[PDB]
Structures are given as structure tokens and as C-alpha cells.
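Heads up, the chain below is alone and in the form deposited in one PDB entry; it's given as C-alpha cells.
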């Protein structure tokens, strides 16, 4: 069936759209080649529509059926709870898109009578009606990139009342079921330090390792109605409250498998028969589907002693080599099996014999040295997109601050320490905003974090070595330096000068600011300050941080204020 059908009505914006990076003094202190930075808009939506619209031909086999039964046997151990309306309301982001039915996210969070009444009516409708397709809005996503242009990605999501109901029925399922089913292969259970430990240990556990990343082209579009019902067959193995069983059944048939698409003007846009990017089950569903297809494909390809690491549509496989020619042929056999399963590749996969050459979750393993000279593996990535987005976020107030998430997740990197920490701490200190909570995303969930709490967060996630790494690899240094020349970012010597300046100001303030000066900027001086465990670090409640993926799932994970 066709992933989409279109009526001809346009994918429309709801307000004015900015595509060019503004010429602003603060963003220009970070990145001078402003014309290289752009944001996608609804203007390129028709280009994306062409790419995502295609017929799917899916052929299942015994390997697929065998893996599915094994996955279902593991899912059968799960007991999932139905969330109360209050619990589901507290998981709604404060700036989540308002309902078309006269209430918004603030009303949901405050448990307003109108919001609660409407949520109750939507819930009852899911219990009573098993068939009426649920309306969804389609919008072009606004995302920032560096040139060499990508067309806008499309986001498809149901009304706020429906999203609250999805949490009630499925938040516990999507949070617990993936690790029960996939075990150590489930990527979202790991902090970046745990992910690098898993990759390194997996790589070293093979006699002669071979690894590869597998990129599916337009994954959400490749997801069939059969795949979405298969995913539901796994959810149904949970012990569930009867109302949750009915809501999952109704949501699968009315929303997850497909439905009508409406633009921002209220016009009928078309019909979807593939994964919606903006529902609670997107991450969990994509992860399970990718794992199922890939596990079965490994068996079809006769790949030996396979270990997979899956995060949504992102897949990395580490296995035992059978020799270069044999591995090349087995990888073609894997690709052929994935294609039959309706998961064809974007770029054909390449066998890799060096762990640092694999790019998975847009990241690669690299090595640096701690204060004692001991080798420390850590995850890095090309800094082009993080820097382009940090420049955008400096010039415009954006709902999500990717710079903050990048500092948290890539804290040990040369680029996050020398550039992002230096730039943002300098600006925030000049604005007396170091203590102001900002929103960022970790594994798709929204968190409200104060920049002053970064030292303890980083220590918990990455260890104290995140503040002591040095002797970065020549390859990593060259990649960063080349990216700075390309984007017109001042060189690392300028960043060291700026860091010494902000470090002195932070130390002079005492309190939490001085902890930031001591730990975050110890790299900038020869006269190192002693770094001991931060007391606040052991007291941090990081429950929920690295449990599951929630991209597109409208999840907020910071504490709710009592009423």
C-alpha cells in the first residue's frame, strides 16, 4: 500500500517562518558564516512529500516469525500500569501544542476542569469506539542545518486530548517493554558513558570483530500496517488493565496504523498508512520493528555471534568476522533480507574492522586520556550541526535548547568543552541567567535544567574524567578544527582565551558559579584546581533519564509543582 495519499491541499505553516540565520552580535561571536546556516520551513514540504510517498512491498518469512515469537515470549513477563489522568497530565510539556477543543498544555498541567473533562471524554471514546479514524495534523518541522539543502521533515500528531490518553494507556508499556524484550540491545537504557562501555566491551568480546551501521531510507514511511499490528501483538502480551487493553486496541486501529491528515488551516491533506512521527509509540514501535527485522535479517544472512544496539531506526551490529569476502557477501544478504522486510537501505552498509570508524546514533567512539594518562573511550560526533543550532539558539529564543542537551550528552568532547561551554557560560553570566532553567531534550523527553547544575549532572553521567580529558586524537582535533574553518567559528586558541575570562568571573562569584568555573573550565588553565566528587552529584535524581526513548511522544520529565 502507499505510505501516503495526498489530496493536493498544501502542508501549511501556522505563523511566519524563518529560514535564514539572523545577523546578530552574539551568534556572530560564535559563527561568522551565517549564510551557511538555514532552517527548514513548509516551503520545502512538497520535496519531502515526494521522498516519503511510495508503495511498500513486504514479504515475511520463517526467520521473521521465529524472532517475533521470541520477542513476544519476553514481552509476556511484563506487567504494565494504567496511568491516572493526573500522572498523564504531569507528563505533558508546558508548551505542548494546544487542543483544538478550547484548552492548552497549561490547562492540562493545572488539571483545569475543561482539560480534565475533555480528556475523560476522549478516554471513554477510545473505550467505546474501535473504528473511527482519529484526525491528525501534518506540519513541516523547523530544524537547523549547515549547507552541503535538506527539505523539511514532516510531523504527524493527534490532538492534545488524545496525547494525554496515549500516556494513560501506554506510557508504562513504552517505558518498560523495550528493555524486557530486547535486553542489552535496547539503546535508550544507556547514558553515553554506558553506551560507550557497551560498544567497547561488545567489540572486544569478539575473536575477530566486524561491525556496521544500517541506515533505513525514510524509516517511518517503510513501516507497514502489518508492522504496526505486529507491534500491538507484542504490547498485548503485557498484563494490562482491561481499559488499557481496549485503549491500545482502539489506538492501534484508529491512529497508529494510519488515518486522515489535516493541515494547519483545517483542510483535508491526505491519508497516512505508515508510522506517525508524533505519537507516543513512535520510538518504542520503531525500535521493536527495527530490532525484529534486523534480528531476522542477521539469521537470513548467517551473520555469526551478532550483538545489536538499537535506538528507534538507528541500528549498529557487531559480529564475528568470517573473513572480508564472506562478510561482504553476508552484509549484502542482510540488506536483501531487510529490503524484503520493507526496510531498504539509504546508503548501502559497509563492513568495518575498526570500532572508531562506525557512526551510530550520529556518533563515534574516540579516545582521549585522563589526568593519569589512562585511555578513556567516549562518544563524539561531527560538531557541524550542534554548532549551527547553537548559533541559531543564540540569535533566537527557541523552545528546545539543543546546545544544553549537547553539553550534557557530549560533555567529554573537545568541542562541547572548549566551544559550547565557553560561549553559553559567557553569555549567561553577562545576562545574570546562569540560574535560569532552560528546556532541553534527552532521548526525546523534555527536561528543565539550570546551567549552574551542569557540573554534578556531568559528573553523574560521565564521571570526573569528563573534566580532565586531554591528548584528544589527531583525527578528532582535525575534524573540529576543519569544521570551525568551514563555519567561520573562531579557532580553539580564541576559545581558550574566552574560557579563561569566563572561568575567572565564575570563580569570583563563589557558590554554584565557582563550581562551574572549577570543574567545567579546569582545561583552560595550567594551574589545575583539585577536582573531587561534587556532593550534589550523589543526591541527583536521574530516574527516568536513560530508561527509554520518547522522540515525538510529547514527554516532559521534570518535577511538577504541587497545588
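Residue numbers count along the first chain shown, from 1.
A second form of this protein, the form deposited with a small molecule bound, is not displayed here; the remarks below concern that form.
Only one segment in the set 417-425, 88-96, 225-233, 159-167 has residues whose heavy atoms sit within 4.5 Å of the small molecule in the deposited complex; it is 417-425. Here is the short version: of 308, 429, 480, 244, the single residue with a heavy atom within 4.5 Å of the small molecule in the deposited complex is 480. Comment: the small molecule is not present in this chain, but in the deposited complex one of 464, 83, 469, 75 has a heavy atom within 4.5 Å of it, namely 469.
Heavy atoms of residue 523 reach within 4.5 Å of the small molecule in the deposited complex, making it an interface residue. Proximity of residue 484 to the small molecule in the deposited complex falls within the 4.5 Å heavy atom cutoff. When contacts are judged by a 4.5 Å heavy atom cut-off, residue 237 does not count as touching the small molecule in the deposited complex. In the deposited complex, the small molecule lies farther than 4.5 Å from every heavy atom of residue 183.
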